[PDB]
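In the order they appear, the protein sequences are chains B and A. The first sequence begins at 1908 in PDB author numbering and counts up one residue at a time. The second sequence begins at 1908 in PDB author numbering and counts up one residue at a time. See structure below.
Number of protein chains: 2
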Amino acid sequence: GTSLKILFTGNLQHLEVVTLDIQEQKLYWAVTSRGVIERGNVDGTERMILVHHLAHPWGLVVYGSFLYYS
Amino acid sequence: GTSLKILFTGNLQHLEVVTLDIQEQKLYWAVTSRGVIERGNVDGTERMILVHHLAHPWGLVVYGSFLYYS
Ligand code: NI
Ligand code: NI
């Protein structure tokens, strides 16, 4: 709990759970206000919208080649 | 109600009432999530932060050379 850091900020109103892909060092999360699932590097450099036109994403998890979401 | 337009969007979360200075043609509004009062031209071009470190702005009005906020 020492080195606090802000990785991503902006249009993240109504954020949902955050998921880490350890094998790829990639963060995945869902934004309900825009209805998208975004991903980005752990260093806070890259960010892109991965899935569009969702209603209310609640859960998401990365395993092998796939992202599962509820 | 004909020509709908978006002037400003960004770090507005807990947006409060808007107000207009007709003589100078600049909009004023307050953002509670950041505790600021901002200005902007009706053209939607110039935007800046006018007051800092507010707690929960509720009302504001511009008359003459002064701006009143509660
Ligand atoms: Ni939710
Ligand atoms: Ni309020």
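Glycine included, every Cβ here is placed at the ideal spot set by N, Cα and C.
By Cβ distance below 6 Å, which residues in the same chain neighbour residue i in space, the five residues on each side in sequence not counted?
i                  : result
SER1940 of chain B : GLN1920 and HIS1921
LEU1961 of chain A : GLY1942
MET1955 of chain A : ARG1946
Around the C-beta of residue i, are 16 or more other C-beta atoms found within 10 angstroms, so that it is buried, or is it exposed?
i                  : result
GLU1945 of chain B : buried
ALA1937 of chain A : buried
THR1926 of chain B : buried
Is the separation between the beta-carbon of residue i and that of residue j shorter than 8 Å?
i                  : j                  : result
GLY1947 of chain A : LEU1914 of chain A : yes
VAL1949 of chain A : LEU1934 of chain A : yes
Among the candidates the options, whose CA atom is the shortest distance from the CA of residue i?
i                  : options                                       : result
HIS1959 of chain A : A:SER1910, A:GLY1908, A:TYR1976 and A:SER1972 : A:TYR1976
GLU1923 of chain B : B:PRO1964, B:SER1972 and B:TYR1970            : B:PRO1964
Excluding sequence positions up to five away, which residues of its chain have a Cβ less than 7 Å from the Cβ of residue i?
i                  : result
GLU1931 of chain A : none
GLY1951 of chain B : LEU1914 and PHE1915
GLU1953 of chain A : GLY1947
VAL1969 of chain A : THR1926, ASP1928 and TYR1935
For residue i, which residues from the same chain have a beta carbon less than 8 Å from its beta carbon, with the 5 sequence-adjacent residues on both sides left out?
i                       : result
residue 2010 of chain A : With chain A represented from 1908 up to 1977, any question about residue 2010 of chain A goes unanswered, as that position is not in the structure.
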